[PDB]
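Which chain is which? The protein sequence lines are d, a and Z, in order. Take any residue in the first sequence, note its place counting from 1, add 141, and you have its number in the authors' numbering. Take any residue in the second sequence, note its place counting from 1, add 282, and you have its number in the authors' numbering. Take any residue in the third sequence, note its place counting from 1, add 4, and you have its number in the authors' numbering. Yeah, the Cβ is synthetic: ideal placement off N, Cα and C, and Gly gets one too.
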Amino acid sequence: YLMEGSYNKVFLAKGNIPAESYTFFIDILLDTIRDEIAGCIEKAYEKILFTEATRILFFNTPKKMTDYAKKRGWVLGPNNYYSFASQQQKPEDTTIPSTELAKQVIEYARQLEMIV
Amino acid sequence: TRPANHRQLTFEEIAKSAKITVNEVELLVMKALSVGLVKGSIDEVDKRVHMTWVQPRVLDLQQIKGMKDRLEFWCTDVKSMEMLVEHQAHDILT
Amino acid sequence: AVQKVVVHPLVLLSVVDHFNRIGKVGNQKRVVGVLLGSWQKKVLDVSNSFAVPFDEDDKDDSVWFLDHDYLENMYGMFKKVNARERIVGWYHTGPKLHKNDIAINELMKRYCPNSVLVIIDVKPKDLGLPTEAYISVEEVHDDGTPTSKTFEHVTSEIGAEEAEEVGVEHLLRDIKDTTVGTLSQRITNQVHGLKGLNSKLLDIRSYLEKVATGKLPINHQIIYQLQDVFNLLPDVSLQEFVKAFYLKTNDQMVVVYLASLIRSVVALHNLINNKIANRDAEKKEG
């Protein structure tokens, strides 16, 4: 379930444990789930109101997200949350590729002329 | 004044600086190009004028110091690309 | 004028021999002579040269002697041996293009109306070609001086004749770029070209030292060309140019791929051709 995105089952299993409460570990998973869920939603999506993210996992209307938003981004606006991802300024460059490419071709020349 | 990177003089940005209306800057750019004094193209869709070569002028004693900087930042770049080939092509030499 | 000037190895050698023959003084002195050659389709060729006596005191560089009679008398000798070669210019070691070599050209302008002076160093320890060929061009202006007359450079390269090449290559027997393929190109044009570019760029930087300590009061024209040089720098590699490069750099890789694959197959068959040979020999033997 963790390997794929299926998480609604994880909380369903969180309430069904074979040995005992096992809460000494489920608390550990909380760190490995919420951090992942926030990261996924961090992509270049549009505004998401504080109504889906609030009542989604287990809680109705807590203050955790307020802290959650504070340590993450999600700039606060007119009930407007943004998640912008460009990854476009960095790409589209060959000067750095130029040095890598120059080494590459020289190796072709190196291993084409000199005797090994 | 504009760095070679931008050089995207908009129609409005030219009329304001020369005291012309927007619907007349077109005859100005052609006049400059006709004499042979600037080179570029005109794009009347986004209202932009490209410039590629402004005729050289005189630089008293400070823009010439800056010209020295652009050669230092360029000689050192060419220098690095020389030893890069010389070091990774040691076998292919002599 | 003349697009290019080709300098034969014999003339190059007869100038080194000239300097050592008279250079017993040791400290420093130029050596000046008269060049001979012929040109076709506006491309000069220099083949033979003879030494013309020439002396000049260092101070007040407006005094010098060149023997006209020696120039005329000897040329009668060279004309008899070979009529094709006729005076085309003059040469002098003169590593720095001494100032007085603008009225000397007028002295030689008589024998060759359009003469060229080729400066060829006798003591070269460098990377560039040791043959600069200049031609006289006239234009008077109000900036430099009332009397304006300056040299304009013509590209010069070292030529080769069928007879000379035989001796020149025999005389070396020292080093040759054997197997002239990807090995010589990566060294004969790529690395050497970068060396030259740096030196020429460094030369520009040295002149720009006038910004702080003025040597000449801003040549004006030199700045004009430098401004045009910068504008001509290739446009930043971030726009559609990058896609164009990849669509062509990679296109060249396919041919390299195909060539390599064909190379492997031929190499594999070659090993099979040889390997079956010794197996057959060994099997019959034992």
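Interface flag, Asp146 (chain Z) vs chain a, CB-CB below 8 Å: Not closer than 8 Å to any Cβ of chain a, the Cβ of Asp146 (chain Z) fails to qualify, so no.
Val327 (chain a) (DSSP reduced to helix, strand or coil): DSSP, reduced to helix, strand and coil, places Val327 (chain a) outside both helices and strands of the structure shown, so it counts as coil.
Minimum C-alpha distance to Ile124 (chain Z) - residue among Z:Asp178, Z:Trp43, Z:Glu161, Z:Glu289: Selected option, being the one with the closest Cα: Z:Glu161.
Residues that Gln370 (chain a) contacts on chain d, provided the C-beta gap is smaller than 7 Å: Here the neighbours are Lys244, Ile247.
Residue-level contact to chain A via CB, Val367 (chain a), 8 Å cutoff: Included in the structure are the protein chains d, a and Z, with no chain A among them.
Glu89 (chain Z) vs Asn118 (chain Z) beta-carbon contact at 8 Å: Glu89 (chain Z) places its beta carbon 8 Å or farther from that of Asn118 (chain Z).
Cβ neighbour criterion (16 or more within 10 Å) applied to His196 (chain Z): Its Cβ having fewer than 16 others within 10 Å, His196 (chain Z) is exposed.
Cβ neighbours of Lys155 (chain d) in the same chain (closer than 6 Å, five flanking residues each side left out): Cβ neighbours of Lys155 (chain d) beyond the five flanking positions: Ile167.
DSSP state of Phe58 (chain Z) mapped onto helix, strand, coil: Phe58 (chain Z): strand per DSSP, three-state reduction.
Selection from Z:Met112, Z:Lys100, Z:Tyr228 that minimises the alpha carbon distance to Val336 (chain a): Residue Z:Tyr228 is the option with its Cα nearest to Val336 (chain a).
Contacting residues, own chain, Cβ-Cβ under 8 Å from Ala185 (chain d) (five flanking each side not counted): Excluding residues within five positions, the ones whose Cβ falls inside 8 Å are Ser224, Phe225, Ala226, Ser227.
Residue(s) in a DSSP beta bridge with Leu70 (chain Z): Paired residue(s): Z:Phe58.
Own chain partners of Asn104 (chain Z) with C-beta closer than 8 Å, once the 5 adjacent residues on each side are dropped: Non-local beta-carbon contacts of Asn104 (chain Z) in its own chain, meaning distances under 8 Å to residues more than five positions away in sequence, involve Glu60, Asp65, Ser66, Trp68 in chain order.
Contacting positions in the region 229 to 251 of chain Z - beta carbon closer than 7 Å to chain a: Using a CB distance below 7 Å, the part of the region 229 to 251 of chain Z facing chain a consists of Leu230, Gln231, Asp232, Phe234, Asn235, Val240, ordered along the chain.
Three-state secondary structure assigned by DSSP to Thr217 (chain Z): Coil at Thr217 (chain Z), not helix or strand.
8 Å Cβ cutoff met for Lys350 (chain a) and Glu294 (chain a): Not closer than 8 Å, so no.
Residue of Z:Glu244, Z:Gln256, Z:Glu289 minimising C-alpha distance to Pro232 (chain d): The alpha carbon of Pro232 (chain d) has as its nearest neighbour, out of Z:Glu244, Z:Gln256, Z:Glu289, the alpha carbon of Z:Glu244.
Status (buried if at least 16 other CB within 10 Å, exposed otherwise) for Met365 (chain a): Looking at its Cβ environment, which holds fewer than 16 other Cβ atoms inside 10 Å, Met365 (chain a) is exposed.
Neighbour flag for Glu254 (chain d) against chain Z, beta carbons, 8 Å: In terms of beta-carbon proximity, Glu254 (chain d) lines the interface with chain Z, with at least one pair separated by less than 8 Å.
Among Z:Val10, Z:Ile226, Z:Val260, the one whose alpha carbon lies nearest that of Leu133 (chain Z): For the residues Z:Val10, Z:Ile226, Z:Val260, the minimum Cα distance to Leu133 (chain Z) belongs to Z:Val10.
Supposed contact pair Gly322 (chain a) and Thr334 (chain a) - C-beta distance, whole angstroms, cut 8 Å: Sure, about 5 Å apart at Cβ, within 8 Å.
Presumed contact (8 Å Cβ cut-off) between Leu39 (chain Z) and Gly93 (chain Z), rounded CB distance: About 4 Å separates the two Cβ atoms, so the contact holds.
Length of the line joining the Cα atoms of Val141 (chain Z) and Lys113 (chain Z): Spanning the two alpha carbons is a distance of roughly 12 Å.
Beta-carbon gap between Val126 (chain Z) and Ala137 (chain Z) smaller than 8 Å: Not in contact: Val126 (chain Z) and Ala137 (chain Z) (Cβ atoms no closer than 8 Å).
DSSP state of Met333 (chain a) mapped onto helix, strand, coil: Strand, per DSSP.
Rounded separation between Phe155 (chain Z) and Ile139 (chain Z) - CA only: Roughly 5 Å between the two C-alpha positions.
Under 8 Å from the C-beta of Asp373 (chain a): neighbouring residues of chain d: Near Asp373 (chain a) (Cβ distances below 8 Å), the residues of chain d are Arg251, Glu254, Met255.
Test: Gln44 (chain Z) CB closer than 8 Å to a CB of chain a: Interface with chain a (8 Å Cβ-Cβ cutoff): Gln44 (chain Z) is excluded.
DSSP three-state assignment for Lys321 (chain a), whether helix, strand or coil: Under the three-state reduction of DSSP output, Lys321 (chain a) falls in the strand class.
Cross-chain neighbours of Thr186 (chain Z) in chain d, by beta carbon under 9 Å: In chain order: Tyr249, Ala250, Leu253, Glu254.
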